[PDB]
Amino acid sequence: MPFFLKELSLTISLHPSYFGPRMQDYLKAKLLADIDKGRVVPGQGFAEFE
Amino acid sequence: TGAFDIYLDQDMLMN
Amino acid sequence: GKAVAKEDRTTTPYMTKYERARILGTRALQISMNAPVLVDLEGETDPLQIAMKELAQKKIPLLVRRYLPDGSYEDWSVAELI
Amino acid sequence: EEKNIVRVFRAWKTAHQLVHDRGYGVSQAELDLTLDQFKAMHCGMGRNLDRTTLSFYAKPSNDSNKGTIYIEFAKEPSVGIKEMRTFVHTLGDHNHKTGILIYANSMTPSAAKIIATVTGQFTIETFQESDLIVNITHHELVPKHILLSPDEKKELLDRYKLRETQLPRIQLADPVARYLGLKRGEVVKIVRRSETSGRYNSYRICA
Amino acid sequence: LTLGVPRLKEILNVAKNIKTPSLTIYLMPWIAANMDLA
Amino acid sequence: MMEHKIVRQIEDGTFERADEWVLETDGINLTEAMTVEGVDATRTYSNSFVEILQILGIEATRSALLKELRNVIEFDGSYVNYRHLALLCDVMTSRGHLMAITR
Amino acid sequence: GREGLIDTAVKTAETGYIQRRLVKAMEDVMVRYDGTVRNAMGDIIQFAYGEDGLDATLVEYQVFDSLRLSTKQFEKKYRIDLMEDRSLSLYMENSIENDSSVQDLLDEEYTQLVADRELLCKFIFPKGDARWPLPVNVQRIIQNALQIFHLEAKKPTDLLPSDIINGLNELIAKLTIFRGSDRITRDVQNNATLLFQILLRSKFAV
DNA sequence: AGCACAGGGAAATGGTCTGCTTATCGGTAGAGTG
């Protein structure tokens, strides 16, 4: 039973409504269900986290 | 106006 | 791209007019989409005015990632910018 | 007759100034001569210009790494392959690293091929007499060109995080580039006046 | 619409041949101060 | 033969407007024109940029471009800031030769 | 009148094409965050926009007073000789007659002023033109100061020469366009603010 | 046997600027001769 421990990346988009102190708890749960600086997408307002 | 990128500072969002 | 240290930053310490326009527009757009407001409201209804009054108090939680021509960049807080 | 003598004197003094500018040694007596002194020192009894004595040479002043420079005025009005081979032989005989050949009317293309043929051994630069009658670097429009050493070029590039291709360019065939003997890759710092800032420093890479 | 738009067009395209080629030859200070030597 | 107004610094430090005789030609031959005895070879100027570039180099070419652009623009009495003309000249001379503003 | 109409109808198209060509050639040239002007390929077009790094909107014409003054008048307006001159203390709340260190400061000041005048008259504006667009209308700021503080021409001032020298030097040190501890950054900063420094030193001589 | 009407139909001759394609032509270079 070969199990591999690997480092992976994902790009999470977050709504401005969540931009508060609990931002990072929300991202971790979303990552588990499915942290870099948040890039605010021009013209949309979301924040991209790697 | 697009010669730079905007990011969130979470250090401030904590406080 | 390599991030420059806070002490090594060589760009201007002032907010450029383009930076000010972009910051106000981005914060106003985020407020219009129900982003929590980090300033006391006296009945303002326009998100742009709310962002302006946040800026006056340096309460906009945003950074500016200024890119140098070679690709290295400096992150400046909207609060620390003059 | 006299016109040719004065023209060659002007070109010869300009060549001396050119040598002094590149960093080679030229005695102030050589720089500050006069037409009559040139006539005495280079013309025979009949005043016929003797093109054999028009050649001279100079040593580096502050950079011993540079080799000796040799300057010769073509005896024949038009330089050919024969004279090009003769000049290369003269350069090799005395171990002159740099050599400038000044001709009067024209130079053949197959003769020019010899310059590329021996580029790895000697650096040969060709001038026409008319190109040296007047020193262009003394013109008002020409700002102050200064060759930068490799250390200073590296400093500039690193400070601006530049690549050599991203600097402003100066052509190898540029009159001032030929006057200064610029090779490809060398950067010149050009100091200029400025209506706005008073003084300005531009930097041009030879390309 | 040499001066004006035609001259600007000549400058901008780097015309190898221009309508009015000219030189401004400045004489030496002692020559330039006398009409006969000029 | 024309009489041009030149400005020169008197020995006492002030500037005076004197008169100097200048020769304005038709047709350009700059390199031979400078070599003529009696002409100030340090001031001879031509209104052709290719000629200056082949004779005097690229920095002199940029200066000549600027002078002729300003002559064209300011003849009417108007004025453009030096920055715009200088940027146009630097773009047209950046790569070592005259880049024509054309296809 | 027919010729005028024809000229209009042709010149419109001529200039339209010229402007499109001009914009297409320089559309990509932009000021970067290190002060340099570069095109989309990163090629440096200028090392400082306008050679001084200033917005053309904010500049105003200023007159260089020291340029057209004679050497005698320049000395009269700028040379201070406490050994021979005593009228300075008549204008001051504090006596500085026959003071050595103050005279040394004044001598350094005047040497710098003479160097600046030499550079102006010989290198920058040999034609003797004095009115040039510079940042900040310093004369207007001086007039504003005279009006705001009700400066009485008959009231002796509490300003010492050292105060003026130190203040002007600190101001000049605070006119930062380029930032960096390197050598060529210092050189480019000095070059960029050179003309403004000359004007400031000519305006705020002791 | 002459026209609808979709199938089968193309023909009498009536500004300067750059880069390619050709003629031109030196300057040597063989030696062919002596």
Side-chain angles (χ1 to χ4, degrees), chain D residues 51 72-92 99 101-119 122 124-131 169 171 173 207, chain E residues 1-22, chain F residues 26-30 46-55 58 61 64-65 68-69 71-72 88-89 91-103, chain G residues 2-3 5-27:
Chain D
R51 283 210 164 110
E72 185 177 2
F73 291 66
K75 205 198 207 153
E76 294 294 328
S78 178
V79 168
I81 299 91
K82 182 175 174 66
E83 308 164 34
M84 187 66 204
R85 294 198 192 95
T86 304
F87 171 72
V88 173
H89 198 276
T90 52
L91 285 182
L101 187 67
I102 302 160
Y103 56 85
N105 312 145
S106 64
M107 191 186 78
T108 74
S110 72
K113 177 139 73 163
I114 286 290
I115 297 169
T117 309
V118 71
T119 181
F122 312 107
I124 300 89
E125 321 174 351
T126 59
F127 281 90
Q128 210 195 309
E129 281 183 11
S130 66
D131 290 350
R169 299 201 168 116
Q171 290 313 89
Chain E
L1 184 146
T2 316
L3 73 165
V5 168
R7 185 74 174 109
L8 187 71
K9 182 183 287 297
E10 278 180 3
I11 294 169
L12 266 47
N13 314 292
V14 183
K16 193 190 171 190
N17 286 317
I18 58 171
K19 184 176 180 180
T20 310
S22 167
Chain F
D26 294 333
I28 65 188
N29 187 208
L30 182 64
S46 78
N47 64 13
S48 174
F49 317 130
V50 182
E51 192 174 50
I52 284 168
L53 176 66
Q54 65 182 357
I55 298 302
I58 191 66
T61 308
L65 292 174
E68 291 296 357
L69 278 171
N71 206 276
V72 161
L88 175 57
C89 291
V91 165
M92 271 202 307
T93 62
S94 51
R95 296 295 86 193
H97 42 259
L98 288 166
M99 176 219 78
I101 301 148
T102 49
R103 71 201 208 90
Chain G
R2 171 72 59 86
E3 183 178 1
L5 298 160
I6 298 161
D7 298 344
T8 297
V10 174
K11 160 173 141 197
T12 180
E14 292 287 321
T15 299
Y17 186 32
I18 297 169
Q19 178 145 340
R20 192 172 100 76
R21 291 194 270 134
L22 267 173
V23 169
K24 188 58 59 174
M26 293 188 285
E27 74 174 7

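Below, each value reflects all heavy atoms present in this structure, side chains not excepted, and no hydrogens, waters or symmetry copies. Below, chains carry the letters A, B, ... as their sequence lines are ordered, and counting in each starts from 1.
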For this session: Might you work through the salt bridge (charged side-chain N to carboxylate O under 4.0 Å, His left out) test for D/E83 and D/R51, ending with a clear yes or no?
Result: CA-CA 13 Å; D/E83 308 164 34; D/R51 283 210 164 110; over 6 Å; no

Exercise. Expressed in whole Å, how much space separates the P atoms belonging to H/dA6 and H/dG2?
Worked result: 23 Å

Exercise. Does H/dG30 carry a north or a south sugar when the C1'-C2'-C3'-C4' torsion is used to decide?
Worked result: north

Exercise. To the nearest Å, how far apart are G/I18 CD1 and H/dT16 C1'?
Worked result: 14 Å

Problem set entry | Sugar of H/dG14 - north (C1'-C2'-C3'-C4' positive) or south (negative) | north

Exercise. Any idea if H/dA29 is syn or anti, going by the 90°-from-0 cut?
Worked result: anti

Exercise. Is D/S110 touching bases, backbone alone, or none of the nucleic acid, heavy atoms closer than 4.0 Å?
Worked result: nothing

For this session: Quickly work out the D/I114 CD1 to H/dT28 P distance and round it to whole Å.
Result: 12 Å

Problem set entry | Nucleotide H/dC17, atom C1' - distance to CZ of F/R103 in whole Å | 8 Å

Exercise. Given H/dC17, H/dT28, H/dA29, which nucleotide is nearest the side-chain atoms of D/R85?
Worked result: H/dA29

For this session: Would you mind calling the pucker of H/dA12 north or south from its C1'-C2'-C3'-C4' torsion?
Result: north

Review item, side-chain donor-acceptor pairs of residues 109-117 of chain D, under 3.5 Å, at least two apart:
residue : atom : partner : partner atom : Å
D/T117  : OG1  : D/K113  : O            : 2.7

Problem set entry | 4.5 Å side-chain heavy-atom contact, D/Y103 and D/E129 | no

Problem set entry | North or south sugar for H/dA6 (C1'-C2'-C3'-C4' positive means north) | south

Seminar exercise, completed: Rounded to whole Å, CD1 of D/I81 lies from P of H/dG26 at a distance of 15 Å

Problem set entry | Side-chain donor or acceptor of F/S94 paired with backbone N/O of F/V91 under 3.5 Å | yes

Exercise. Stepwise, does the side chain to side chain contact (heavy atoms under 4.5 Å, CB included) test hold for D/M84 with D/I124?
Worked result: CA-CA 10 Å; D/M84 187 66 204; D/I124 300 89; 3.8 Å; yes

Exercise. For G/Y17 and H/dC17, what is the distance between atoms OH and P respectively, to the nearest whole Å?
Worked result: 13 Å

For this session: Report the C-alpha distance between F/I58 and D/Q171 in whole Å, list the side-chain angles of each, state the deciding distance to 0.1 Å, and finish with yes or no for side chain to side chain contact (heavy atoms under 4.5 Å, CB included).
Result: CA-CA 8 Å; F/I58 191 66; D/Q171 290 313 89; over 6 Å; no

Seminar exercise, completed: note: D/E83, atom CD; H/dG27, atom P; distance rounded to Å ~ 12 Å

Exercise. What is the distance, rounded to the nearest whole Å, between atom CD of E/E10 and atom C1' of H/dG15?
Worked result: 13 Å

Exercise. From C1'-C2'-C3'-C4' alone, north or south for the sugar of H/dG9?
Worked result: north

Exercise. Judged by atom type as modelled, is there a donor-acceptor pair below 3.5 Å linking the side chain of G/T12 to the main-chain atoms of G/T8?
Worked result: no

Ignoring hydrogens and angles, write down the donor-acceptor pairs under 3.5 Å from the side chains of residues 3-17 of chain E, residues two or more places apart or on other chains.
residue : atom : partner : partner atom : Å
E/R7    : NH2  : F/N47   : O            : 3.2
E/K9    : NZ   : G/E14   : OE1          : 3.2
E/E10   : OE2  : E/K19   : N            : 3.2
E/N13   : OD1  : G/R21   : NH1          : 2.5
E/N13   : ND2  : E/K9    : O            : 2.3

For this session: Answer with base, sugar-phosphate or nothing: what part of the nucleic acid does D/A111 contact at a heavy-atom distance below 4.0 Å?
Result: nothing

For this session: Could you state the atom-to-atom distance from NZ of E/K19 to P of H/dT16 in whole Å?
Result: 11 Å

For this session: Using a heavy-atom cut-off of under 4.0 Å over every strand shown, decide if E/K16 touches base, sugar-phosphate, or nothing.
Result: sugar-phosphate

Exercise. Taking both distances under 3.5 Å as the test for a Watson-Crick or G-U pair, what stems of at least three pairs does DNA chain H have?
Worked result: none

